[PDB]
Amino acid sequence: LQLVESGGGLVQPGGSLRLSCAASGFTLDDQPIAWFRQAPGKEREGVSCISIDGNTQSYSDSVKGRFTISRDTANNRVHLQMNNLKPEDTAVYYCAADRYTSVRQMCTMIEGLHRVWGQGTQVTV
């Protein structure tokens, strides 16, 4: 059972990236999904989350308006569209699954509730 992120890399201010969360032996649709990020020497923080049904999305304060989270249930993937990337956003980005929650309209960015984690992909601006 593997969570797995892609789409990272090196971009400059004002640029864009589209992160992707994919999985093996695991359907991202079965529970809420969240994106976390951690700068090299700072605390891990939540970025955004999407509900089971996909109709509910939340984003951290320092990210609203710029980012967009969506589900690709066809190919069993979650995307994070990061636009107007400001230099602060340099960090390792992880997608995680909260297996506790089962209400289909909600999602949280509480790290303690997420126990399935990917390796991470570096983003730099």
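From 1 onward, residues are counted along the sequence shown.
With respect to the recorded C-alpha B factors, which stretch has the higher mean value, 11-19 or 97-105? The recorded data point to 11-19.
As stated in the PDB record, which stretch has the larger average Cα B-factor, 29-37 or 81-89? For C-alpha atoms only, the mean B-factor is higher in 81-89.
Place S62 in the lowest, middle or highest third of its chain's C-alpha B-factors, as listed in the PDB entry. For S62, the deposited C-alpha B-factor lands in the highest third.
Using the B-factors in the PDB entry, rank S6's C-alpha atom against the chain and give the third, lowest, middle or highest. Bottom third by C-alpha B-factor.
Would you mind checking where the Cα B-factor of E43 ranks among the modelled residues of its chain, as the lowest, middle or highest third? Ranked within chain, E43 CA B lands in the highest tercile.
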